[PDB]
């Protein structure tokens, strides 16, 4: 009933990057598992070898390790994921994928 089958390969890889990053930054088990499950859905419909997901994870790790601050109380983990999906290297990585 979800739109999983309608995404292009590129979109699946972006959806994967987002969900995966959310799995990295959040602490709560239920949420983390949820984000993981979601990611796995996008990996299922991918045509790429597993290493590309490992590489996406390397890049994601560059964002999930950031310390974000503001004038209100928060770690702003969510926005680390949002900045991450705008990453230029992530986009280049997906665009030059061997398995199209």
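Residue numbers count along the first chain shown, from 1.
Colleague: Considering only modelled residues of the same chain, in which third does the CA B-factor of residue 24 rank: lowest, middle or highest?
Modeller: Answer is lowest: the recorded C-alpha B-factor places it there.
Colleague: Tell me, lowest, middle or highest third: where does the Cα B factor of residue 4 rank within its chain?
Modeller: For residue 4, the deposited C-alpha B-factor lands in the middle third.
Colleague: Going by the recorded CA B-factors, say which third of the chain residue 14 sits in, lowest, middle or highest.
Modeller: Answer is middle: the recorded C-alpha B-factor places it there.
Colleague: Just say lowest, middle or highest third for the CA B-factor of residue 69 relative to the other modelled residues in its chain.
Modeller: Top third by C-alpha B-factor.
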